[PDB]
>>> print(open('input15.csv').read())   # CSV, C-alpha atoms and all ligand atoms
chain,number,residue,atom,x,y,z
A,31,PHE,CA,32.0,-3.5,-43.2
A,32,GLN,CA,31.7,-6.7,-41.1
A,33,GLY,CA,28.4,-5.6,-39.5
A,34,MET,CA,26.7,-6.3,-42.8
A,35,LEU,CA,28.0,-10.0,-42.9
A,36,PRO,CA,25.3,-12.8,-42.8
A,37,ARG,CA,23.6,-13.4,-39.4
A,38,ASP,CA,24.6,-16.5,-37.4
A,39,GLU,CA,21.7,-18.9,-38.1
A,40,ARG,CA,22.6,-21.1,-35.1
A,41,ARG,CA,22.7,-18.1,-32.8
A,42,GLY,CA,19.1,-17.2,-33.7
A,43,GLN,CA,17.9,-20.8,-33.1
A,44,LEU,CA,19.7,-20.9,-29.7
A,45,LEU,CA,18.0,-17.6,-28.7
A,46,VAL,CA,14.5,-19.0,-29.6
A,47,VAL,CA,15.2,-22.1,-27.4
A,48,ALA,CA,16.7,-20.0,-24.6
A,49,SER,CA,13.7,-17.7,-24.6
A,50,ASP,CA,11.4,-20.8,-24.2
A,51,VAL,CA,13.4,-22.0,-21.2
A,52,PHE,CA,13.7,-18.5,-19.5
A,53,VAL,CA,10.0,-17.8,-19.9
A,54,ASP,CA,9.0,-21.3,-18.7
A,55,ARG,CA,11.4,-21.6,-15.7
A,56,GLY,CA,12.4,-18.0,-14.7
A,57,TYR,CA,16.1,-16.9,-14.8
A,58,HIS,CA,17.3,-18.6,-11.6
A,59,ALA,CA,15.7,-22.1,-12.3
A,60,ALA,CA,16.7,-22.0,-16.0
A,61,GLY,CA,20.0,-23.8,-16.8
A,62,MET,CA,22.4,-24.0,-19.7
A,63,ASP,CA,22.0,-27.8,-19.6
A,64,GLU,CA,18.2,-27.6,-20.4
A,65,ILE,CA,18.9,-25.0,-23.2
A,66,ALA,CA,21.6,-27.2,-24.7
A,67,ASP,CA,19.3,-30.3,-24.4
A,68,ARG,CA,16.4,-28.5,-26.2
A,69,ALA,CA,18.6,-26.8,-28.9
A,70,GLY,CA,20.0,-30.2,-29.9
A,71,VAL,CA,23.5,-28.7,-29.6
A,72,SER,CA,26.3,-29.9,-27.4
A,73,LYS,CA,26.8,-27.8,-24.2
A,74,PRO,CA,30.4,-26.8,-25.4
A,75,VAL,CA,28.9,-25.4,-28.7
A,76,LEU,CA,26.3,-23.5,-26.6
A,77,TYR,CA,29.2,-22.1,-24.5
A,78,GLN,CA,31.2,-21.2,-27.7
A,79,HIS,CA,28.3,-18.8,-28.6
A,80,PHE,CA,27.4,-17.6,-25.1
A,81,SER,CA,30.0,-17.7,-22.4
A,82,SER,CA,27.5,-17.2,-19.5
A,83,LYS,CA,23.7,-17.8,-18.7
A,84,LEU,CA,23.5,-14.0,-17.9
A,85,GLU,CA,25.0,-13.0,-21.3
A,86,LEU,CA,22.4,-15.4,-22.9
A,87,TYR,CA,19.5,-13.9,-20.9
A,88,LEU,CA,20.5,-10.4,-21.9
A,89,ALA,CA,20.8,-11.5,-25.6
A,90,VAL,CA,17.2,-13.0,-25.4
A,91,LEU,CA,15.9,-9.8,-23.8
A,92,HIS,CA,17.6,-7.7,-26.5
A,93,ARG,CA,16.2,-9.8,-29.3
A,94,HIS,CA,12.6,-9.2,-28.0
A,95,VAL,CA,13.2,-5.5,-27.2
A,96,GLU,CA,14.7,-4.9,-30.8
A,97,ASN,CA,11.7,-6.6,-32.3
A,98,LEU,CA,9.3,-4.2,-30.6
A,99,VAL,CA,11.5,-1.0,-30.9
A,100,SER,CA,12.3,-1.6,-34.6
A,101,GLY,CA,8.6,-2.2,-35.3
A,102,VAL,CA,7.6,1.1,-33.6
A,103,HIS,CA,10.4,3.1,-35.3
A,104,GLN,CA,9.6,1.6,-38.7
A,105,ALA,CA,5.9,2.5,-38.2
A,106,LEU,CA,6.9,6.1,-37.5
A,107,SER,CA,8.8,6.4,-40.8
A,108,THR,CA,5.9,5.2,-43.0
A,109,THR,CA,4.1,8.6,-43.2
A,110,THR,CA,4.2,12.1,-41.7
A,111,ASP,CA,0.3,12.1,-41.7
A,112,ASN,CA,0.2,11.9,-37.9
A,113,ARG,CA,-3.2,10.4,-37.6
A,114,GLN,CA,-2.1,7.6,-39.9
A,115,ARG,CA,1.3,6.9,-38.4
A,116,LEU,CA,-0.4,6.9,-34.9
A,117,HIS,CA,-2.4,3.8,-36.2
A,118,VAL,CA,0.7,2.2,-37.8
A,119,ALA,CA,2.6,2.5,-34.5
A,120,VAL,CA,-0.2,1.4,-32.1
A,121,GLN,CA,-0.9,-1.5,-34.5
A,122,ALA,CA,2.9,-2.5,-34.4
A,123,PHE,CA,2.7,-2.5,-30.6
A,124,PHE,CA,-0.5,-4.7,-30.4
A,125,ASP,CA,0.9,-7.0,-33.2
A,126,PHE,CA,4.1,-7.5,-31.1
A,127,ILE,CA,2.4,-8.2,-27.8
A,128,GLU,CA,-0.1,-10.7,-29.4
A,129,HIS,CA,2.6,-12.4,-31.6
A,130,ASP,CA,5.6,-12.3,-29.3
A,131,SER,CA,4.0,-13.5,-26.1
A,132,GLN,CA,7.5,-14.3,-24.5
A,133,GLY,CA,8.7,-10.9,-25.5
A,134,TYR,CA,5.6,-9.3,-23.9
A,135,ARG,CA,6.3,-11.2,-20.6
A,136,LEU,CA,10.0,-10.5,-20.6
A,137,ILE,CA,9.6,-6.8,-21.2
A,138,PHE,CA,6.3,-5.9,-19.4
A,139,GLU,CA,6.1,-8.5,-16.7
A,140,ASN,CA,9.8,-8.9,-15.8
A,141,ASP,CA,10.4,-10.5,-12.3
A,142,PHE,CA,14.2,-10.7,-12.5
A,143,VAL,CA,14.8,-7.8,-9.9
A,144,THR,CA,18.0,-9.4,-8.5
A,145,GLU,CA,19.9,-8.0,-11.7
A,146,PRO,CA,19.5,-4.2,-12.0
A,147,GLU,CA,20.8,-4.3,-15.6
A,148,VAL,CA,17.6,-6.2,-16.7
A,149,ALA,CA,15.3,-3.4,-15.4
A,150,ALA,CA,17.7,-0.9,-16.9
A,151,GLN,CA,17.5,-2.5,-20.4
A,152,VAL,CA,13.7,-2.2,-20.2
A,153,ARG,CA,13.8,1.4,-19.2
A,154,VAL,CA,16.4,2.5,-21.9
A,155,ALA,CA,14.2,0.7,-24.6
A,156,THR,CA,11.0,2.4,-23.2
A,157,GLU,CA,12.8,5.7,-23.2
A,158,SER,CA,13.8,5.1,-26.9
A,159,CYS,CA,10.1,4.9,-27.8
A,160,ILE,CA,9.2,8.0,-25.7
A,161,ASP,CA,12.2,9.9,-27.2
A,162,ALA,CA,11.0,9.0,-30.8
A,163,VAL,CA,7.5,10.3,-30.0
A,164,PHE,CA,8.9,13.4,-28.2
A,165,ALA,CA,11.0,14.2,-31.3
A,166,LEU,CA,7.8,14.1,-33.5
A,167,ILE,CA,5.7,16.1,-31.1
A,168,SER,CA,8.4,18.8,-30.7
A,169,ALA,CA,8.9,19.0,-34.5
A,170,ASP,CA,5.1,18.9,-35.5
A,171,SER,CA,3.7,21.1,-32.8
A,172,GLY,CA,4.2,24.5,-31.0
A,173,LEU,CA,4.8,22.8,-27.7
A,174,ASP,CA,8.1,23.7,-26.0
A,175,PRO,CA,10.3,20.7,-24.8
A,176,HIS,CA,8.8,20.3,-21.3
A,177,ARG,CA,5.2,20.2,-22.6
A,178,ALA,CA,6.1,17.9,-25.6
A,179,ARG,CA,7.9,15.5,-23.2
A,180,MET,CA,4.9,15.3,-20.8
A,181,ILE,CA,2.5,14.6,-23.7
A,182,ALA,CA,5.0,12.0,-25.2
A,183,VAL,CA,5.0,10.2,-21.8
A,184,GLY,CA,1.2,10.4,-21.6
A,185,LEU,CA,0.7,9.1,-25.1
A,186,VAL,CA,3.1,6.1,-24.7
A,187,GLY,CA,1.8,5.3,-21.2
A,188,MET,CA,-1.9,5.5,-22.3
A,189,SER,CA,-1.1,3.1,-25.3
A,190,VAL,CA,0.8,0.6,-23.1
A,191,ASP,CA,-2.1,0.8,-20.5
A,192,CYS,CA,-4.9,0.2,-23.1
A,193,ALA,CA,-2.9,-2.7,-24.6
A,194,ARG,CA,-2.1,-4.3,-21.2
A,195,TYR,CA,-5.7,-4.0,-20.1
A,196,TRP,CA,-6.9,-5.7,-23.4
A,197,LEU,CA,-4.3,-8.5,-23.1
A,198,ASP,CA,-4.9,-9.0,-19.3
A,199,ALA,CA,-8.7,-9.1,-19.9
A,200,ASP,CA,-8.1,-12.1,-22.2
A,201,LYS,CA,-8.8,-10.0,-25.4
A,202,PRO,CA,-12.5,-9.2,-24.9
A,203,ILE,CA,-12.7,-7.4,-28.2
A,204,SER,CA,-10.8,-8.0,-31.4
A,205,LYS,CA,-7.2,-6.7,-31.7
A,206,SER,CA,-8.4,-4.5,-34.6
A,207,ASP,CA,-11.1,-2.9,-32.3
A,208,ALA,CA,-8.6,-2.5,-29.4
A,209,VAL,CA,-6.0,-0.8,-31.7
A,210,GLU,CA,-8.7,1.4,-33.3
A,211,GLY,CA,-10.2,2.4,-30.0
A,212,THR,CA,-6.7,3.3,-28.6
A,213,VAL,CA,-5.9,5.3,-31.7
A,214,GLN,CA,-9.2,7.2,-31.8
A,215,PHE,CA,-8.8,8.1,-28.1
A,216,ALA,CA,-5.1,9.1,-28.6
A,217,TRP,CA,-6.1,11.3,-31.6
A,218,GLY,CA,-9.5,12.8,-30.6
A,219,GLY,CA,-9.5,12.4,-26.8
A,220,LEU,CA,-12.6,12.3,-24.7
A,221,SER,CA,-14.2,15.0,-27.0
A,222,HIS,CA,-14.5,12.5,-29.9
A,223,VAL,CA,-15.8,9.4,-28.0
A,224,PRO,CA,-19.0,8.2,-29.9
A,225,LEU,CA,-22.1,9.8,-28.4
B,31,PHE,CA,-26.0,6.6,14.1
B,32,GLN,CA,-22.6,6.2,15.8
B,33,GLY,CA,-20.7,6.7,12.5
B,34,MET,CA,-21.6,10.4,12.6
B,35,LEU,CA,-20.1,11.0,16.1
B,36,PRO,CA,-17.1,13.4,16.3
B,37,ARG,CA,-13.7,12.1,15.0
B,38,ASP,CA,-11.0,11.1,17.5
B,39,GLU,CA,-8.7,14.2,17.4
B,40,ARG,CA,-5.8,12.2,19.0
B,41,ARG,CA,-6.2,9.5,16.4
B,42,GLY,CA,-5.7,12.0,13.6
B,43,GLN,CA,-2.6,13.5,15.3
B,44,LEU,CA,-1.1,10.0,15.8
B,45,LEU,CA,-1.6,9.2,12.1
B,46,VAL,CA,0.2,12.4,11.0
B,47,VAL,CA,3.2,11.4,13.2
B,48,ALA,CA,3.1,7.7,12.1
B,49,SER,CA,3.0,8.9,8.5
B,50,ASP,CA,6.2,11.0,9.1
B,51,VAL,CA,8.0,8.0,10.7
B,52,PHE,CA,6.9,5.4,8.1
B,53,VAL,CA,8.0,7.7,5.1
B,54,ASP,CA,11.3,8.6,6.8
B,55,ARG,CA,12.3,5.0,8.0
B,56,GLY,CA,10.3,2.6,5.8
B,57,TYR,CA,8.0,0.1,7.5
B,58,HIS,CA,10.5,-2.4,8.8
B,59,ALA,CA,12.9,0.2,10.4
B,60,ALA,CA,9.9,2.2,11.8
B,61,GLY,CA,9.0,1.5,15.4
B,62,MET,CA,6.1,2.2,17.8
B,63,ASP,CA,8.7,3.6,20.2
B,64,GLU,CA,9.7,6.4,17.8
B,65,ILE,CA,6.0,7.1,16.9
B,66,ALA,CA,5.1,7.3,20.7
B,67,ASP,CA,8.2,9.6,21.2
B,68,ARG,CA,7.3,12.0,18.4
B,69,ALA,CA,3.6,12.1,19.2
B,70,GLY,CA,4.2,13.1,22.8
B,71,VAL,CA,1.9,10.3,24.0
B,72,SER,CA,2.8,7.4,26.2
B,73,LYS,CA,3.4,4.1,24.4
B,74,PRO,CA,0.4,2.4,26.3
B,75,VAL,CA,-1.8,5.3,24.9
B,76,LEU,CA,-0.5,4.6,21.4
B,77,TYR,CA,-1.3,0.9,21.8
B,78,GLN,CA,-4.8,1.7,23.1
B,79,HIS,CA,-5.5,3.4,19.7
B,80,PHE,CA,-3.5,0.9,17.5
B,81,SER,CA,-2.9,-2.6,18.7
B,82,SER,CA,-0.1,-3.3,16.1
B,83,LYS,CA,2.4,-1.5,13.9
B,84,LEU,CA,0.8,-3.2,10.9
B,85,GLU,CA,-2.7,-1.9,11.8
B,86,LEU,CA,-1.2,1.6,12.2
B,87,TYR,CA,0.6,1.4,8.8
B,88,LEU,CA,-2.6,0.3,7.1
B,89,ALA,CA,-4.5,3.2,8.9
B,90,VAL,CA,-1.9,5.7,7.6
B,91,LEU,CA,-2.1,4.3,4.0
B,92,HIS,CA,-5.9,4.5,4.1
B,93,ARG,CA,-5.9,8.1,5.4
B,94,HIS,CA,-3.8,9.1,2.4
B,95,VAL,CA,-5.8,6.9,-0.1
B,96,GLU,CA,-9.1,8.4,1.2
B,97,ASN,CA,-7.7,11.9,0.8
B,98,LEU,CA,-7.0,11.3,-2.9
B,99,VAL,CA,-10.1,9.1,-3.7
B,100,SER,CA,-12.5,11.5,-2.0
B,101,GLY,CA,-11.0,14.4,-3.9
B,102,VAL,CA,-11.4,12.7,-7.2
B,103,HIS,CA,-15.0,11.6,-6.5
B,104,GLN,CA,-15.9,15.1,-5.2
B,105,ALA,CA,-14.4,16.6,-8.4
B,106,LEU,CA,-16.6,14.3,-10.6
B,107,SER,CA,-19.8,15.4,-8.8
B,108,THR,CA,-19.2,19.1,-9.3
B,109,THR,CA,-20.6,19.2,-12.9
B,110,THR,CA,-21.7,16.9,-15.7
B,111,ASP,CA,-20.0,19.3,-18.3
B,112,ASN,CA,-17.3,16.6,-19.0
B,113,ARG,CA,-14.6,19.0,-20.2
B,114,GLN,CA,-15.0,20.9,-17.0
B,115,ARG,CA,-15.1,18.0,-14.6
B,116,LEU,CA,-12.1,16.5,-16.4
B,117,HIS,CA,-10.2,19.6,-15.2
B,118,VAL,CA,-11.6,19.5,-11.7
B,119,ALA,CA,-10.5,15.8,-11.4
B,120,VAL,CA,-7.0,16.2,-12.9
B,121,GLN,CA,-6.5,19.3,-10.7
B,122,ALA,CA,-7.6,17.3,-7.6
B,123,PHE,CA,-5.0,14.7,-8.5
B,124,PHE,CA,-2.1,17.2,-9.0
B,125,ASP,CA,-3.2,19.1,-5.9
B,126,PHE,CA,-3.0,15.8,-3.9
B,127,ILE,CA,0.5,14.7,-5.1
B,128,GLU,CA,1.9,18.2,-4.6
B,129,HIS,CA,0.3,18.9,-1.2
B,130,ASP,CA,0.4,15.3,0.3
B,131,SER,CA,4.0,14.3,-0.6
B,132,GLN,CA,3.9,11.4,2.0
B,133,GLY,CA,0.7,10.2,0.4
B,134,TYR,CA,2.2,10.3,-3.1
B,135,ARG,CA,5.2,8.2,-1.9
B,136,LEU,CA,3.1,5.7,0.0
B,137,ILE,CA,0.6,5.2,-2.9
B,138,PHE,CA,2.7,5.6,-6.0
B,139,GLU,CA,6.2,4.6,-4.8
B,140,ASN,CA,5.3,1.8,-2.3
B,141,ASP,CA,8.3,-0.5,-1.5
B,142,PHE,CA,6.6,-2.6,1.3
B,143,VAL,CA,6.3,-5.8,-1.0
B,144,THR,CA,6.7,-8.2,2.0
B,145,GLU,CA,3.0,-7.5,2.9
B,146,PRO,CA,0.6,-8.3,-0.1
B,147,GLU,CA,-2.3,-6.4,1.6
B,148,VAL,CA,-0.4,-3.1,1.1
B,149,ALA,CA,-0.2,-3.6,-2.7
B,150,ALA,CA,-3.8,-4.8,-2.7
B,151,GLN,CA,-5.0,-1.6,-0.9
B,152,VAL,CA,-3.3,0.5,-3.6
B,153,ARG,CA,-4.9,-1.6,-6.4
B,154,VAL,CA,-8.5,-1.6,-4.9
B,155,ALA,CA,-8.2,2.3,-4.5
B,156,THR,CA,-6.9,2.6,-8.1
B,157,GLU,CA,-9.7,0.4,-9.3
B,158,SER,CA,-12.2,2.7,-7.4
B,159,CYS,CA,-11.0,5.7,-9.6
B,160,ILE,CA,-11.0,3.7,-12.8
B,161,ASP,CA,-14.5,2.4,-11.9
B,162,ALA,CA,-15.8,6.0,-11.3
B,163,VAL,CA,-14.4,7.0,-14.7
B,164,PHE,CA,-15.8,3.9,-16.4
B,165,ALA,CA,-19.3,4.6,-14.9
B,166,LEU,CA,-19.2,8.1,-16.5
B,167,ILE,CA,-17.9,7.0,-19.9
B,168,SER,CA,-20.5,4.2,-20.1
B,169,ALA,CA,-23.3,6.6,-19.2
B,170,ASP,CA,-22.2,9.6,-21.4
B,171,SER,CA,-21.1,7.7,-24.5
B,172,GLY,CA,-22.2,5.0,-27.0
B,173,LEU,CA,-19.3,2.8,-26.0
B,174,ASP,CA,-20.2,-0.7,-24.8
B,175,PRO,CA,-18.6,-1.9,-21.5
B,176,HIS,CA,-15.4,-3.4,-22.9
B,177,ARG,CA,-14.5,-0.3,-24.9
B,178,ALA,CA,-15.6,2.1,-22.1
B,179,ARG,CA,-13.3,0.2,-19.6
B,180,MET,CA,-10.3,0.2,-22.0
B,181,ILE,CA,-10.7,4.1,-22.4
B,182,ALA,CA,-11.2,4.5,-18.6
B,183,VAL,CA,-7.9,2.6,-18.0
B,184,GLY,CA,-6.1,4.7,-20.7
B,185,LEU,CA,-7.5,8.0,-19.3
B,186,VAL,CA,-6.5,7.3,-15.7
B,187,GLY,CA,-3.1,5.8,-16.7
B,188,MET,CA,-2.3,8.7,-19.0
B,189,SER,CA,-3.2,11.2,-16.2
B,190,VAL,CA,-1.1,9.3,-13.6
B,191,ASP,CA,1.8,9.1,-16.1
B,192,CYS,CA,1.8,12.9,-17.0
B,193,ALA,CA,1.7,13.8,-13.3
B,194,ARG,CA,4.4,11.4,-12.3
B,195,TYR,CA,6.6,12.6,-15.1
B,196,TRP,CA,6.0,16.3,-13.9
B,197,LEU,CA,6.8,15.5,-10.3
B,198,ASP,CA,9.8,13.2,-11.1
B,199,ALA,CA,11.2,16.0,-13.4
B,200,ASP,CA,11.2,18.4,-10.4
B,201,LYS,CA,8.2,20.4,-11.7
B,202,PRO,CA,9.7,21.9,-14.8
B,203,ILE,CA,6.5,23.8,-15.6
B,204,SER,CA,3.9,25.2,-13.1
B,205,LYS,CA,1.3,22.9,-11.7
B,206,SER,CA,-1.4,24.9,-13.5
B,207,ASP,CA,0.4,24.4,-16.8
B,208,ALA,CA,0.9,20.6,-16.1
B,209,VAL,CA,-2.8,20.2,-15.2
B,210,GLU,CA,-4.0,22.2,-18.2
B,211,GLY,CA,-1.6,20.3,-20.6
B,212,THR,CA,-2.8,16.9,-19.3
B,213,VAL,CA,-6.5,18.0,-19.5
B,214,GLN,CA,-6.2,19.4,-23.0
B,215,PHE,CA,-4.5,16.2,-24.2
B,216,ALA,CA,-7.2,14.0,-22.5
B,217,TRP,CA,-9.9,16.1,-24.0
B,218,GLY,CA,-8.7,16.9,-27.5
B,219,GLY,CA,-6.0,14.3,-28.1
B,220,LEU,CA,-3.1,14.7,-30.5
B,221,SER,CA,-5.4,16.3,-33.0
B,222,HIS,CA,-5.7,19.5,-30.8
B,223,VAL,CA,-2.0,19.9,-29.7
B,224,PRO,CA,-1.1,23.6,-30.6
B,225,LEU,CA,0.3,23.9,-34.2
A,301,CL,CL,24.3,-12.7,-35.7
A,302,CL,CL,4.5,-16.9,-23.3
A,303,CL,CL,-12.0,8.8,14.2
A,304,CL,CL,7.6,13.2,1.7
>>> encode(input="input15.csv", output="structure tokens")
Amino acid sequence: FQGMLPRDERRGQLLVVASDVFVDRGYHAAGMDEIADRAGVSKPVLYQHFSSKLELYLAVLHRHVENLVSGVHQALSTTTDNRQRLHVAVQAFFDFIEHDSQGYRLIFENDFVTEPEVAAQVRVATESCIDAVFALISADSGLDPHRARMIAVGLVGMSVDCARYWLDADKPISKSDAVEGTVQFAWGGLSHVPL
Amino acid sequence: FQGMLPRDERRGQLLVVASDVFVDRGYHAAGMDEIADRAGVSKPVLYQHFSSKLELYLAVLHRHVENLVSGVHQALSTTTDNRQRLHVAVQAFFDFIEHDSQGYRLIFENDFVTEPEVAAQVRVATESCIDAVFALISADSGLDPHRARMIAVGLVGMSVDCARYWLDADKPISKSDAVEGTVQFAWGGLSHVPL
């Protein structure tokens, strides 16, 4: 099947450059001329790969979303020892936001409100993570769907909030401490906070 | 002291009417003429109490914020048995969002972005709840300030997220079940979800 054929190496390089420009300028100020300039490709070659600035922006957003979502899903498939996969998944999330700073900004601090499809892509990806957690909670607990879904939302939201606090506070503790603190709270709740 | 003198009964009635109009119309479409009309007061009497539509909007927002924030603080002073005050506080929050629907919309679904002071009033009130939780976690645990603050953000955020999910899903379970589910997850974490 053609979906297994080698990835377009030039496409990947163009997305990295486009991500730099979109994050630096914002969507409206960013231009295909600057992206072509910085990619070292002619503007017609850039247009052969991406017929519009919007298609390129959505491709950049998707590359960052897929990086995070695949990392979270892969974490959840490592083990069915829930305490352990909770750490692998929270770790994957902190690893993403620390490593892929442009991705963090594009997903969690998106200001391109003029295009509803951008906010929708963020919601559908967020819902993919909540759905993955909901599927595990439903399967591994006696909670009925309504209760499992509320806890899945609480768990994902609590995780996002701890991480955003840590990153927005300029990393006041190590990433390993921030991940472990978030995991211990998610697993044991207030009842297991050190006394 | 003059701060203990009786409340202005007409002021309170005007705020209830103003809240109806602001929620129904949005800030920009709302007018002092409609508020005066519905309050059964003359427009000069309305202006004797509130010199501008913005002052009236901020007074409406504050009345709703104070309702929630005082309810949360009072819940936290009822008992130092943390498992119990966690329920009293989460209950106070669900009671507010269910009873004070206009307050829920004005605080959690605010669309008046043209006035930065509106978003700031919501943030400073949110921070008052996080600060109250942080003060308890710091005092009742061995967590240092950075770790206590991250957990306080996670706890408040998780609570807001469970409640917003419940309300946005048209209350698929009873408020008592939604409160208890949120409290049990906050207290015991994933480790104590029914098996
Ligand atoms: Cl490709
Ligand atoms: Cl960046
Ligand atoms: Cl008064
Ligand atoms: Cl309402």
>>> atom_distance(input="input15.csv", atom1="CA of residue 59 in chain A", atom2="atom CL of ligand CL 302 (chain A)")
16.5 Å
>>> atom_distance(input="input15.csv", atom1="CA of residue 162 in chain A", atom2="CA of residue 106 in chain A")
8.4 Å
>>> closest_residue(input="input15.csv", among="B:148, B:172, B:197, B:81", to="chain A", atoms="all atoms listed in the file")
B:172
>>> atom_distance(input="input15.csv", atom1="CA of residue 124 in chain B", atom2="CA of residue 159 in chain A")
25.6 Å
>>> residues_near_ligand(input="input15.csv", ligand="ligand CL 301 (chain A)", cutoff="12 Å", atoms="only C-alpha atoms and all ligand atoms", output="short mmCIF file (atom, residue, chain, number, x, y, z; two decimals) with C-alpha atoms, in the frame of the given file")
data_model
loop_
_atom_site.label_atom_id
_atom_site.label_comp_id
_atom_site.auth_asym_id
_atom_site.auth_seq_id
_atom_site.Cartn_x
_atom_site.Cartn_y
_atom_site.Cartn_z
CA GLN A 32 31.70 -6.70 -41.10
CA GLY A 33 28.40 -5.60 -39.50
CA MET A 34 26.70 -6.30 -42.80
CA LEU A 35 28.00 -10.00 -42.90
CA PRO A 36 25.30 -12.80 -42.80
CA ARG A 37 23.60 -13.40 -39.40
CA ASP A 38 24.60 -16.50 -37.40
CA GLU A 39 21.70 -18.90 -38.10
CA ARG A 40 22.60 -21.10 -35.10
CA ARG A 41 22.70 -18.10 -32.80
CA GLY A 42 19.10 -17.20 -33.70
CA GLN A 43 17.90 -20.80 -33.10
CA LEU A 44 19.70 -20.90 -29.70
CA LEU A 45 18.00 -17.60 -28.70
CA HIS A 79 28.30 -18.80 -28.60
CA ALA A 89 20.80 -11.50 -25.60
CA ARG A 93 16.20 -9.80 -29.30
#
>>> interface_residues(input="input15.csv", of="chain B", to="chain A", cutoff="8 Å", atoms="only C-alpha atoms", output="PDB file with C-alpha atoms, in the frame of the given file")
ATOM      1  CA  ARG B 113     -14.600  19.000 -20.200  1.00  0.00           C
ATOM      2  CA  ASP B 170     -22.200   9.600 -21.400  1.00  0.00           C
ATOM      3  CA  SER B 171     -21.100   7.700 -24.500  1.00  0.00           C
ATOM      4  CA  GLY B 172     -22.200   5.000 -27.000  1.00  0.00           C
ATOM      5  CA  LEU B 173     -19.300   2.800 -26.000  1.00  0.00           C
ATOM      6  CA  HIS B 176     -15.400  -3.400 -22.900  1.00  0.00           C
ATOM      7  CA  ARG B 177     -14.500  -0.300 -24.900  1.00  0.00           C
ATOM      8  CA  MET B 180     -10.300   0.200 -22.000  1.00  0.00           C
ATOM      9  CA  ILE B 181     -10.700   4.100 -22.400  1.00  0.00           C
ATOM     10  CA  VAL B 183      -7.900   2.600 -18.000  1.00  0.00           C
ATOM     11  CA  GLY B 184      -6.100   4.700 -20.700  1.00  0.00           C
ATOM     12  CA  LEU B 185      -7.500   8.000 -19.300  1.00  0.00           C
ATOM     13  CA  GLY B 187      -3.100   5.800 -16.700  1.00  0.00           C
ATOM     14  CA  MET B 188      -2.300   8.700 -19.000  1.00  0.00           C
ATOM     15  CA  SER B 189      -3.200  11.200 -16.200  1.00  0.00           C
ATOM     16  CA  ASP B 191       1.800   9.100 -16.100  1.00  0.00           C
ATOM     17  CA  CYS B 192       1.800  12.900 -17.000  1.00  0.00           C
ATOM     18  CA  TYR B 195       6.600  12.600 -15.100  1.00  0.00           C
ATOM     19  CA  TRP B 196       6.000  16.300 -13.900  1.00  0.00           C
ATOM     20  CA  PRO B 202       9.700  21.900 -14.800  1.00  0.00           C
ATOM     21  CA  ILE B 203       6.500  23.800 -15.600  1.00  0.00           C
ATOM     22  CA  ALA B 208       0.900  20.600 -16.100  1.00  0.00           C
ATOM     23  CA  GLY B 211      -1.600  20.300 -20.600  1.00  0.00           C
ATOM     24  CA  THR B 212      -2.800  16.900 -19.300  1.00  0.00           C
ATOM     25  CA  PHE B 215      -4.500  16.200 -24.200  1.00  0.00           C
ATOM     26  CA  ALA B 216      -7.200  14.000 -22.500  1.00  0.00           C
ATOM     27  CA  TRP B 217      -9.900  16.100 -24.000  1.00  0.00           C
ATOM     28  CA  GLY B 218      -8.700  16.900 -27.500  1.00  0.00           C
ATOM     29  CA  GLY B 219      -6.000  14.300 -28.100  1.00  0.00           C
ATOM     30  CA  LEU B 220      -3.100  14.700 -30.500  1.00  0.00           C
ATOM     31  CA  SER B 221      -5.400  16.300 -33.000  1.00  0.00           C
ATOM     32  CA  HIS B 222      -5.700  19.500 -30.800  1.00  0.00           C
ATOM     33  CA  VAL B 223      -2.000  19.900 -29.700  1.00  0.00           C
ATOM     34  CA  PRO B 224      -1.100  23.600 -30.600  1.00  0.00           C
ATOM     35  CA  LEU B 225       0.300  23.900 -34.200  1.00  0.00           C
TER      36      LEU B 225
END
>>> residues_around(input="input15.csv", residues="residue 60 in chain A", least_positions_apart="6", cutoff="10 Å", atoms="all atoms listed in the file", output="ChimeraX atom specification")
/A:48,50-54,83,87
>>> write_last_selection(input="input15.csv", atoms="C-alpha atoms", output="mmCIF file, in the frame of the given file")
data_model
loop_
_atom_site.group_PDB
_atom_site.id
_atom_site.type_symbol
_atom_site.label_atom_id
_atom_site.label_comp_id
_atom_site.auth_asym_id
_atom_site.auth_seq_id
_atom_site.Cartn_x
_atom_site.Cartn_y
_atom_site.Cartn_z
ATOM 1 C CA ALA A 48 16.700 -20.000 -24.600
ATOM 2 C CA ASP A 50 11.400 -20.800 -24.200
ATOM 3 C CA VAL A 51 13.400 -22.000 -21.200
ATOM 4 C CA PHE A 52 13.700 -18.500 -19.500
ATOM 5 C CA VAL A 53 10.000 -17.800 -19.900
ATOM 6 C CA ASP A 54 9.000 -21.300 -18.700
ATOM 7 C CA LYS A 83 23.700 -17.800 -18.700
ATOM 8 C CA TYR A 87 19.500 -13.900 -20.900
#
